[PDB]
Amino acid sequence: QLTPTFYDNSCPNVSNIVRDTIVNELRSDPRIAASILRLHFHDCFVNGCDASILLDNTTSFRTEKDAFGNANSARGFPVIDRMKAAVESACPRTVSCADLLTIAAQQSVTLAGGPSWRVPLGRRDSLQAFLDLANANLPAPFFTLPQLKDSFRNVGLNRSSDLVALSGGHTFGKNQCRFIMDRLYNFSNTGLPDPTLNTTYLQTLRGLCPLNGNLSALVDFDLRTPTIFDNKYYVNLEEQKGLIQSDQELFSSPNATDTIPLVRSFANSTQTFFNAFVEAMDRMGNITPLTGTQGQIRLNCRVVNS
């Protein structure tokens, strides 16, 4: 059983060390908080939160960093290396990379203005990486609501609240033009833009992502508060201003009878959203963890101990 007090005796200053690292990095990279939260998400959706995503290539297994959902997208790995080294200095061979990344995600959310809470701890590090599993398990922006639900259920998150609350992670961070080109110019081979995208916002997005333009150009997930962790993400959905297909479907999908009330509830109250987000985050952080003597306490998050 994971517990928030896991390192209260062995490394009481772990959370503080993680926080300081992120505070320092935010000065040169204001996007790092969002990037770190996403790393935790992609870690947990593949064999659980076991730091498998942090592993680099080996001749026996491929890195998850080359998965369609991570390649030329996932970032912040050097920052994780930095806090790991700092934590190793303060508490040698004590904090797992899996736990470190979980704390980093929570601290990132709080630093961005989100809720503050103590995450359950006690996770251990994987002995291998899972590229095929990452390609199969990570959801894509073009997923329909049924597919999004399937993706979450596949890893153990059955609740629509899990999906709606965790999608709130898009209240900050960036998204490449490549992922919305269809919504802007030819959605579902209709030759027309996605009808669920607000027409005024459509114009703005087309200006940022012209046809045949730079597909790697970055756009803000939340047009209201691009870098602040708040409930504005849901207010956007209510106005048909969700950026990617998977965002807007939470409010507009024919299958959204169960998610619409959640979107509204989170848009109506910051407290309701924050509570639901913490609840969902801890549930996601509880996905098939290695505990006790299973796995290791990786010293270098990029490689298995030898």
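Just count from 1 along the sequence shown to find any residue number.
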Can you tell me which stretch has the higher mean Cα B-factor, 135-143 or 73-81? 73-81
When the Cα temperature factors in the entry are averaged, is it 248-256 or 24-32 that ends up higher? 24-32
Selection by C-alpha B-factor (highest) of 173, 113, 120, 168: 113
Can you tell me whether residue 49 has a C-alpha B-factor in the lowest, middle or highest third compared with the other modelled residues of the same chain? lowest
Looking at the temperature factor on the CA atom of residue 37, which third of the chain's modelled residues does it land in? middle
Lowest, middle or highest third: where is residue 156 by Cα B-factor in its chain? lowest
For residue 237, the third of its chain into which the C-alpha B factor falls: lowest
Which third, lowest, middle or highest, does the CA B-factor of residue 88 fall in along this chain? highest
